[PDB]
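Visitor: Below you'll find the structure I mean.
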Amino acid sequence: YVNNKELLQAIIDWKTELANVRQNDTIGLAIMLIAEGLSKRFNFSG
DNA sequence: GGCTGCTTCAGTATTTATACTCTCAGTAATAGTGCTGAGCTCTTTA
């Protein structure tokens, strides 16, 4: 799906900003992505 | 620049497998609750 590392980056960055409102959606798109990919796991998707 | 053929779609005729951890929360059942009366307790003296 998606490089875990870049996600660490984005979230570190929203950490730093929340240390000041919203967050980037890059990480949010990736979240949708990973949710939907897990959905196709084998116990579920049944 | 208005102009005809393809086109795509739309309308007919039972019974679903694997958290965890508090942690709280406020609730509904539930025993604590105290009456009423009354029924027996009891004695009285006429």
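Naming scheme: A, B, ... for chains in displayed order of the structure tokens; residues 1 onward per chain; ligands 1 onward as shown.
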Taking only C-alpha atoms (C1' of nucleotides) into account, what are the residues of chain A at most 12 Å from chain B, put as an MDAnalysis selection string?
Guide: chainID A and resid 42:46
Visitor: Write the selection just made, keeping N, CA, C and O atoms, as a compact mmCIF listing (two decimals), in the first residue's frame?
Guide:
```txt
# COMPACT_ATOMS: atom_id res chain seq x y z
N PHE A 42 -8.71 -12.14 5.73
CA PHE A 42 -9.38 -13.40 5.45
C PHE A 42 -10.46 -13.75 6.45
O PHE A 42 -11.49 -14.33 6.08
N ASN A 43 -10.28 -13.44 7.73
CA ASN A 43 -11.35 -13.73 8.67
C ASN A 43 -12.58 -12.91 8.34
O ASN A 43 -13.70 -13.43 8.31
N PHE A 44 -12.40 -11.63 8.06
CA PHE A 44 -13.48 -10.78 7.61
C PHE A 44 -13.61 -10.93 6.10
O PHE A 44 -13.10 -11.90 5.52
N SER A 45 -14.29 -9.99 5.44
CA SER A 45 -14.56 -10.07 4.01
C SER A 45 -15.26 -11.36 3.67
O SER A 45 -15.13 -11.87 2.56
N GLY A 46 -15.98 -11.91 4.64
CA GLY A 46 -16.53 -13.23 4.49
C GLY A 46 -18.03 -13.23 4.29
O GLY A 46 -18.54 -14.05 3.53
```
Visitor: Would you give me, as a PyMOL selection string, the residues in chain A that DSSP reads as alpha helix (DSSP H)?
Guide: chain A and resi 4-18+26-39
Visitor: Any chance you can output those residues with N, CA and C atoms as a PDB file, in the first residue's frame?
Guide:
```
ATOM      1  N   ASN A   4       5.226   3.098   5.270  1.00  0.00           N
ATOM      2  CA  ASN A   4       5.074   3.407   6.685  1.00  0.00           C
ATOM      3  C   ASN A   4       5.937   4.586   7.116  1.00  0.00           C
ATOM      4  N   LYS A   5       7.122   4.739   6.520  1.00  0.00           N
ATOM      5  CA  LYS A   5       8.057   5.763   6.975  1.00  0.00           C
ATOM      6  C   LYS A   5       7.496   7.157   6.756  1.00  0.00           C
ATOM      7  N   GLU A   6       6.999   7.418   5.555  1.00  0.00           N
ATOM      8  CA  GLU A   6       6.455   8.733   5.272  1.00  0.00           C
ATOM      9  C   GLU A   6       5.308   9.056   6.214  1.00  0.00           C
ATOM     10  N   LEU A   7       4.586   8.032   6.662  1.00  0.00           N
ATOM     11  CA  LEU A   7       3.502   8.259   7.605  1.00  0.00           C
ATOM     12  C   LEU A   7       4.038   8.691   8.958  1.00  0.00           C
ATOM     13  N   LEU A   8       5.057   7.991   9.456  1.00  0.00           N
ATOM     14  CA  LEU A   8       5.782   8.468  10.622  1.00  0.00           C
ATOM     15  C   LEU A   8       6.125   9.933  10.467  1.00  0.00           C
ATOM     16  N   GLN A   9       6.626  10.303   9.292  1.00  0.00           N
ATOM     17  CA  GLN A   9       6.993  11.694   9.058  1.00  0.00           C
ATOM     18  C   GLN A   9       5.799  12.609   9.262  1.00  0.00           C
ATOM     19  N   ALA A  10       4.742  12.382   8.488  1.00  0.00           N
ATOM     20  CA  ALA A  10       3.574  13.249   8.550  1.00  0.00           C
ATOM     21  C   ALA A  10       3.039  13.350   9.964  1.00  0.00           C
ATOM     22  N   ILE A  11       3.042  12.243  10.695  1.00  0.00           N
ATOM     23  CA  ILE A  11       2.431  12.290  12.011  1.00  0.00           C
ATOM     24  C   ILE A  11       3.342  12.998  12.991  1.00  0.00           C
ATOM     25  N   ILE A  12       4.653  12.806  12.862  1.00  0.00           N
ATOM     26  CA  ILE A  12       5.589  13.603  13.638  1.00  0.00           C
ATOM     27  C   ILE A  12       5.298  15.070  13.422  1.00  0.00           C
ATOM     28  N   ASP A  13       5.003  15.419  12.183  1.00  0.00           N
ATOM     29  CA  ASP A  13       4.805  16.813  11.851  1.00  0.00           C
ATOM     30  C   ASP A  13       3.512  17.334  12.455  1.00  0.00           C
ATOM     31  N   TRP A  14       2.450  16.532  12.426  1.00  0.00           N
ATOM     32  CA  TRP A  14       1.234  17.030  13.049  1.00  0.00           C
ATOM     33  C   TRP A  14       1.375  17.068  14.554  1.00  0.00           C
ATOM     34  N   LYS A  15       2.185  16.183  15.120  1.00  0.00           N
ATOM     35  CA  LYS A  15       2.583  16.334  16.507  1.00  0.00           C
ATOM     36  C   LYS A  15       3.151  17.722  16.729  1.00  0.00           C
ATOM     37  N   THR A  16       4.202  18.036  15.978  1.00  0.00           N
ATOM     38  CA  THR A  16       4.902  19.300  16.154  1.00  0.00           C
ATOM     39  C   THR A  16       3.961  20.481  15.989  1.00  0.00           C
ATOM     40  N   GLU A  17       3.021  20.389  15.054  1.00  0.00           N
ATOM     41  CA  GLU A  17       2.103  21.504  14.878  1.00  0.00           C
ATOM     42  C   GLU A  17       1.101  21.580  16.020  1.00  0.00           C
ATOM     43  N   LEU A  18       0.486  20.453  16.382  1.00  0.00           N
ATOM     44  CA  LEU A  18      -0.384  20.419  17.546  1.00  0.00           C
ATOM     45  C   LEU A  18       0.309  20.962  18.782  1.00  0.00           C
ATOM     46  N   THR A  26      -2.985  13.559   3.810  1.00  0.00           N
ATOM     47  CA  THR A  26      -2.101  12.485   3.383  1.00  0.00           C
ATOM     48  C   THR A  26      -2.232  11.291   4.311  1.00  0.00           C
ATOM     49  N   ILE A  27      -1.960  11.519   5.592  1.00  0.00           N
ATOM     50  CA  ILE A  27      -2.096  10.473   6.585  1.00  0.00           C
ATOM     51  C   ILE A  27      -3.530   9.963   6.631  1.00  0.00           C
ATOM     52  N   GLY A  28      -4.507  10.839   6.391  1.00  0.00           N
ATOM     53  CA  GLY A  28      -5.897  10.412   6.455  1.00  0.00           C
ATOM     54  C   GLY A  28      -6.278   9.520   5.291  1.00  0.00           C
ATOM     55  N   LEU A  29      -5.847   9.898   4.090  1.00  0.00           N
ATOM     56  CA  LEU A  29      -6.024   9.020   2.944  1.00  0.00           C
ATOM     57  C   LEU A  29      -5.388   7.667   3.203  1.00  0.00           C
ATOM     58  N   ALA A  30      -4.159   7.663   3.720  1.00  0.00           N
ATOM     59  CA  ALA A  30      -3.502   6.397   4.012  1.00  0.00           C
ATOM     60  C   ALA A  30      -4.304   5.584   5.018  1.00  0.00           C
ATOM     61  N   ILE A  31      -4.950   6.256   5.966  1.00  0.00           N
ATOM     62  CA  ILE A  31      -5.758   5.545   6.949  1.00  0.00           C
ATOM     63  C   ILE A  31      -6.932   4.862   6.273  1.00  0.00           C
ATOM     64  N   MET A  32      -7.673   5.611   5.460  1.00  0.00           N
ATOM     65  CA  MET A  32      -8.737   4.988   4.681  1.00  0.00           C
ATOM     66  C   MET A  32      -8.203   3.791   3.929  1.00  0.00           C
ATOM     67  N   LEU A  33      -7.077   3.988   3.258  1.00  0.00           N
ATOM     68  CA  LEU A  33      -6.451   2.933   2.482  1.00  0.00           C
ATOM     69  C   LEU A  33      -6.233   1.686   3.323  1.00  0.00           C
ATOM     70  N   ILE A  34      -5.625   1.853   4.495  1.00  0.00           N
ATOM     71  CA  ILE A  34      -5.230   0.693   5.280  1.00  0.00           C
ATOM     72  C   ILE A  34      -6.451   0.024   5.885  1.00  0.00           C
ATOM     73  N   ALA A  35      -7.434   0.813   6.298  1.00  0.00           N
ATOM     74  CA  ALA A  35      -8.673   0.220   6.762  1.00  0.00           C
ATOM     75  C   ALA A  35      -9.264  -0.671   5.684  1.00  0.00           C
ATOM     76  N   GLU A  36      -9.425  -0.125   4.480  1.00  0.00           N
ATOM     77  CA  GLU A  36     -10.053  -0.876   3.402  1.00  0.00           C
ATOM     78  C   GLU A  36      -9.228  -2.078   2.984  1.00  0.00           C
ATOM     79  N   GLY A  37      -7.915  -2.005   3.121  1.00  0.00           N
ATOM     80  CA  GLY A  37      -7.085  -3.136   2.773  1.00  0.00           C
ATOM     81  C   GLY A  37      -7.213  -4.245   3.790  1.00  0.00           C
ATOM     82  N   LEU A  38      -7.214  -3.881   5.070  1.00  0.00           N
ATOM     83  CA  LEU A  38      -7.474  -4.881   6.094  1.00  0.00           C
ATOM     84  C   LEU A  38      -8.839  -5.513   5.906  1.00  0.00           C
ATOM     85  N   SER A  39      -9.835  -4.718   5.515  1.00  0.00           N
ATOM     86  CA  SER A  39     -11.164  -5.267   5.290  1.00  0.00           C
ATOM     87  C   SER A  39     -11.100  -6.522   4.438  1.00  0.00           C
TER      88      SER A  39
END
```
